[PDB]
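Just so it is clear: chains get the letters A, B, ... in the order the sequence lines come, proteins before strands, and each one is counted from 1. Any value given below was found using the heavy atoms of this structure, including those in side chains, with hydrogens, waters and symmetry copies removed.
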Amino acid sequence: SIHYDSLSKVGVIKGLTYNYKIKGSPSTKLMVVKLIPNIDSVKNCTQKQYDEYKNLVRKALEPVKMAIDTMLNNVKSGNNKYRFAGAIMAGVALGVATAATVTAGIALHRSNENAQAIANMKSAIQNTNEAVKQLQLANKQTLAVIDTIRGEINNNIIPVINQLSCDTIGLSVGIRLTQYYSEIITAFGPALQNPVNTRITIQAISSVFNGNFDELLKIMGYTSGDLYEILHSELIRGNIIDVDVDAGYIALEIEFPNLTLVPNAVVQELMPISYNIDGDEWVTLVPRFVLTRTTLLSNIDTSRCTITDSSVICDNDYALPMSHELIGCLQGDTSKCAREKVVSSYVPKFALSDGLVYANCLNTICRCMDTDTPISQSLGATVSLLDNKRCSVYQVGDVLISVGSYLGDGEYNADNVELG
Amino acid sequence: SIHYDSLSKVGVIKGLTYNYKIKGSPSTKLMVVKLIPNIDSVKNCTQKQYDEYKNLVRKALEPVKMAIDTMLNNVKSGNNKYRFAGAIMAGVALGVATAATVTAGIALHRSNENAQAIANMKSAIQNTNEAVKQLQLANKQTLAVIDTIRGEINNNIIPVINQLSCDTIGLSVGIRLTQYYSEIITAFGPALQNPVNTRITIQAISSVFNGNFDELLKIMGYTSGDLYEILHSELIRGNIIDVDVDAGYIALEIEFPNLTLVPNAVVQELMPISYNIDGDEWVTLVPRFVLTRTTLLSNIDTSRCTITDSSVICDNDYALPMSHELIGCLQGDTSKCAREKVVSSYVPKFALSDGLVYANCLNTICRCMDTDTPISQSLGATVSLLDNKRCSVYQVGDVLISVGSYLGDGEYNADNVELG
Amino acid sequence: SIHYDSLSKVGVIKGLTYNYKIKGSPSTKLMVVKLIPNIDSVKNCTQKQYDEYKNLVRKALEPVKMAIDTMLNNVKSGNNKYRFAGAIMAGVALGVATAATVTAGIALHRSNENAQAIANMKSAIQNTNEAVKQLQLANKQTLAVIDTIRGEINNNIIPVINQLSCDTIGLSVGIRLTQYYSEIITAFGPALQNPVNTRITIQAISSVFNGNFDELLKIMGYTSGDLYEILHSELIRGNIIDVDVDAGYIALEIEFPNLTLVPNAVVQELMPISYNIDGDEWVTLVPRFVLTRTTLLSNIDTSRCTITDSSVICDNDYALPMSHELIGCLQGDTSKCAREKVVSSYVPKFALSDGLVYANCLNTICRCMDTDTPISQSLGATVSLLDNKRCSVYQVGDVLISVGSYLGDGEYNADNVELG
């Protein structure tokens, strides 16, 4: 319970209401990002710059493969000793880890049969001559292959190649290769250092492809308009499963999760306004959002979640405990609520809820428009309630509002309430 | 009062001084952003990809117009019942809202006559064939029309169109349309969801126009060098007033505010240094900036404001209350000031103010350069003052400084001050 | 000491270990950024737009040179009066400053002989016709000169110049100049306002050169693969030393620092898990990282540092003091540790350290796989220890793990420990 009838007399008013959703089971797709382009159409003019680029790429990829091969051996070393049907992590060889790292280490082994199927297509992956392409694995699964720089050459150099000289072509292509290297290090740098525990969103991945994430979703067989709820929440993420150093490519597995609606769970918003005490202006201190689950009250940090037109969407169940004074305050003992003095006009003075208006008519102008007379609260009353029994249209500050009727047994009274 | 003479003996020294400015009355201009380009120069080669693009745009715009039409009906439903000269909000139909939402809902109705004037120019808006254009409304007001992709076709495809094949042109244009769609969703996505309460800065708006905000200000009749104080503060912002689904465009109103100088208001900076107590090194805890208005002291969170060479500029009056211990400390009762022990050399040891130097000569080397002898403070004194009565140039740490004269009645004394 | 044997019984477990590194002595290089391009190849077609651009650039540069000339006079006014071999700051003319500002003001004078050598090359700097170039000063030092827009004209306009008309060329170049002006104001705007105290990273500087920082490091004679540890930490930074208003260029000095390994300093990570008290689930509150230097314990805010595979790298020594209750807790008086109640399943239940597993087997399923039987802790015990004396493979939650042997004198006991 939140006992709104006692909260209103201390400036706390009932806002909007939402349901709670959290991430469900996954679905996955395969993508290959090529770092060495198929320059074969202009090959004779640019050989010197190309040979220099390949060595730098290979030096950059060599450390990553040893991190992957190391983690694969800790699981294989277990599976070969014991009869059990599941994968077994060798704890003595690993030595120190959180439960999350052990879980991601077993998932890396579980993904290895796709990586082996990709490795059988190496010569077909090398020979692509388009900016994006689709191929079929022996698993019957499809693979998407991305090749940005061959797109740049097809657009910018080939239509004018009769005007340019051989030295101009070589010098022109050389600067484009170093720009692409700078983009790769900016997008993938953190994942190349810690490949087992790091995930990247599809929006960030697309920065290597001019930011065109709409083409990426399209070639995987989706539509960006249908995926809106998980795309806008940034829940579509990928991770590295394998690296090929001699060919120069990265293989990624990309995940499209379901959403689960939590039963008996509600999120409630609270609106604060100022109020009058014996001639001074004060404000109450409370969190903006509160979570209720099967009568239990709790805090929730919505900065780690996305708010939509009707739902709050989180990656995990971010509920947090609540202190005894705040629980006492929200359950109707207003003497336990904390308060602060007002020194700026930026704090609001009125609000609308269920068609009724609550206002602090000692610090803002309130007038009745039908009879054209001012409205005054006593120096004993903290807040004033505006409904259609007195008159049908009110001026509040510099706005005109029409109001509904009060669902109660008599006149609203706010004289001399308990507070602390 | 801040009683700097007592604060100096506890390491708190007087810094720079600024005046306070807050946002004033507005001025506005009109802009139209087109989502469906005028492809008419290459039309025969790209019809298949164009027809697919238009349906996706229309599906994306259909939800936004219903949010706008819904809010317009809540005001019209009031205006038709009553004689009053101002606009009236229907509170029963709206049900729940903050004062800010009611205010933005009335402003949306007030802007509707410009939207109707724009809607009379629809055929002239469709026929533009340039990246940016100016038109005249029947209000005598001007309108700026933006068309990015027709600029791309004029630059990249038309000069080489004799070299490319029909299939190459179609495939080439198709990827540019999906890239533009990805850019729109990234820039406008939050505003398309909540069009009544959301505002966008001109810098962010320009990301749909290659980031060239200088052209946008130029066609509206301004110069980016004159607008520096409001542009650098990020106070130039726009909001959506209407949407046309069949033609595929968004109409925006853009605001250029005035700045108001608050009378009798001053912002004062404070500089902390370490100090000596009985052989140990300590530091005092105080906020960096303090606000004084007509003798009243208050806190101010300058992270929400911009600091210039002479003024602090804020969007609203962000003043906040101050606790009784901090007020006691700043008004000269140093026994109420809070302190901390020092465990790193990154904390500073000296500072310059009004041509005089204050230093902790037990934790840094202080020497007189004229006589070439060291300077020592007793174990009873917290801080030392360096002025030109003793000698004219000092070495402090690894820097040489020349100093002024002390405006006082005698020798400065820092023995055994009151502290807690 | 951290007395891990008492901490384990309250859910705090030993994580990874790192060494501490801080920034050392500098090394520097010279760079010139040109704001007025060498349009001389298309000059006849674009004169009107070019003359308009130059006046706006000069108006933008005029305020910056007076800030530089003002600070240079405060040092020169000292050096001319006194015999001392070092530079002398005039404190009366400066009036108010922090020790950091005095230090940067003397450094600006120390850099002035390079600025004079650059100023002798003005006609050679103006005549460059390439996107990037190298020149030699009379100091025998090299200078790197950047010219982005001449690169754009060499790539985009000259190969098609027989197809375009004179008016098309002029209009086309004019929009590229205003886009470049918008990019300059976005990258350098804060430094142009406060040129003495502001530094910019090489990644941010490169945004004026299509983001290609790899070319910048290459022409300065480095390789981005060797500089990884300081580049990834973002310690490579530059600052403005001079401005030329009539020619329209900015001169920068760029710094490549060394790293110093602090002796006898270690950073230790801590892993928290939940635990059982009399039937309820609880958690302990402690910082993630702790710093030890020659037996002294301290806090460290690693959000201002970079964490690698083995080292923590900071710009300055960010150590901070620690409270008496936390020191008491970590030195084995667990009655002083603070705790919280658990209301979400997102909190972890087990962890691996030194080949042994610690788990809360009342809130997760624990079973022995060799004998296929469940494991249970009493209602008196907070935590359970899993080692190879009982059986060699365990199921914990939904994962299978193989474990090592306990280095102790007998059975581990967690009954009825002291807590508060």
Side-chain angles (χ1 to χ4, degrees), chain A residues 399-400, chain B residues 25-36 38 57-80 85-90 93-94 97 100-128 132-147 184 187-202 204-205 208-209 216 219-221 236-257:
Chain A
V399 161
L400 270 67
Chain B
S25 65
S27 173
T28 71
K29 297 289 185 176
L30 302 176
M31 183 193 281
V32 158
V33 180
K34 300 203 304 176
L35 312 188
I36 299 174
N38 183 13
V57 173
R58 289 171 179 159
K59 287 179 182 182
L61 294 181
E62 276 174 2
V64 193
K65 195 168 184 69
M66 280 300 290
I68 292 167
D69 278 358
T70 299
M71 185 58 83
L72 290 171
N73 291 345
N74 295 340
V75 181
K76 292 176 181 181
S77 184
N79 292 0
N80 288 355
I88 302 164
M89 179 65 72
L94 186 67
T101 293
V102 179
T103 305
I106 290 169
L108 177 70
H109 179 75
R110 192 176 290 141
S111 292
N112 195 66
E113 189 162 300
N114 296 334
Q116 286 184 314
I118 295 170
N120 290 345
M121 301 290 285
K122 186 179 67 177
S123 54
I125 293 169
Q126 286 176 343
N127 292 0
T128 68
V132 73
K133 190 63 173 188
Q134 198 197 70
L135 301 174
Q136 289 207 337
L137 307 185
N139 298 5
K140 302 287 188 177
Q141 293 178 288
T142 48
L143 179 72
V145 184
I146 300 159
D147 196 355
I184 291 154
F188 289 108
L192 299 181
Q193 198 203 77
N194 188 356
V196 177
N197 305 275
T198 307
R199 314 199 81 187
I200 318 96
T201 63
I202 194 64
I205 291 168
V208 163
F209 191 67
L216 298 184
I219 198 168
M220 291 182 152
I236 302 168
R237 290 173 289 199
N239 56 276
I240 299 174
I241 64 170
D242 201 8
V243 169
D244 195 345
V245 178
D246 195 73
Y249 66 70
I250 297 170
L252 296 118
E253 183 160 16
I254 287 154
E255 181 187 322
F256 298 86

| Spatial distance of atom CD (B:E113) from atom CG (B:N139) [nearest 0.5 Å] | 6.5 Å
| message | Please determine whether side chain to side chain contact (heavy atoms under 4.5 Å, CB included) holds for the pair B:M71 and B:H109, giving the CA-CA distance in whole Å, both sets of side-chain angles, and the decisive distance to 0.1 Å. | response | CA-CA 8 Å; B:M71 185 58 83; B:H109 179 75; over 6 Å; no
| task | Please report the closest heavy-atom contact between B:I36 and B:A247, naming both atoms and the distance. | result | CD1-O, 3.9 Å
| message | Rounded at 0.5 Å granularity, tell me how far CD in B:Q116 sits from CD1 in B:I241. | response | 10.5 Å
| task | Check the pair B:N114 / B:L137 against side chain to side chain contact (heavy atoms under 4.5 Å, CB included), numbers first and verdict last. | result | CA-CA 9 Å; B:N114 296 334; B:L137 307 185; 6.0 Å; no
| request: Search all heavy atoms of B:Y249 against all heavy atoms of B:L61 and return the closest pair with its distance. | output: N-CD1, 4.4 Å
| request: Can you measure from CD1 (B:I254) to CD1 (B:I236) and round to the nearest 0.5 angstrom? | output: 9.5 Å
| field | Expected output: side-chain B:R58 to main-chain B:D246 donor-acceptor under 3.5 Å | value | yes
| Rounded distance (nearest 0.5 Å) linking atom CE of B:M121 with atom CG of B:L135 | 5.0 Å
| request: Determine whether more than 12 heavy atoms belonging to other residues, nucleotides or ligands lie under 6.0 Å from atom NZ of B:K59. | output: no
| What's the spacing between B:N79 CG and B:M89 CE if we round to 0.5 Å? | 10.0 Å
| Where is the tightest heavy-atom contact between B:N74 and B:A93, given as atom of each residue plus distance? | OD1-CB, 3.8 Å
| field | Sub-4.5 Å side-chain heavy-atom contact between B:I118 and B:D242 | value | no
Which pairs would a plain distance check flag for residues 25-34 of chain B, meaning a side-chain donor or acceptor within less than 3.5 Å of a matching protein atom at least two apart in sequence or in another chain?
| unit_1 | atom_1 | unit_2 | atom_2 | d |
| --- | --- | --- | --- | --- |
| B:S25 | OG | B:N258 | ND2 | 3.2 |
| B:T28 | OG1 | B:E253 | OE2 | 3.0 |
| B:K34 | NZ | B:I125 | O | 3.4 |
| B:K34 | NZ | B:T128 | OG1 | 3.1 |
| B:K34 | NZ | B:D147 | OD2 | 3.1 |

| remark: For B:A87 and A:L400, the nearest pair of non-hydrogen atoms, with its separation, is O-CB, 3.9 Å
| Does B:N239 use its side chain to pair, donor to acceptor, with the backbone of B:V196 at less than 3.5 Å? | no
| Distance from B:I202 atom CD1 to B:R237 atom CZ, nearest 0.5 Å? | 12.5 Å
| note | Heavy atoms of B:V243 and B:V64 approach each other most closely as CG2-CG1, 4.1 Å
| query | What closest approach, in Å, do B:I219 and B:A144 show between heavy atoms, and which atom pair accounts for it? | reply | CG2-CB, 4.2 Å
| said: Go through it in stages, so that I can follow the logic: the residues are B:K133 and B:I146, the test is side chain to side chain contact (heavy atoms under 4.5 Å, CB included), and I'd like the CA-CA distance, side-chain angles, deciding distance and then a yes or no. | reply: CA-CA 7 Å; B:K133 190 63 173 188; B:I146 300 159; over 6 Å; no
| request: Any chance you could lay out the side chain to side chain contact (heavy atoms under 4.5 Å, CB included) test for B:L108 and B:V75, step after step, and finish with the verdict? | output: CA-CA 10 Å; B:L108 177 70; B:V75 181; over 6 Å; no
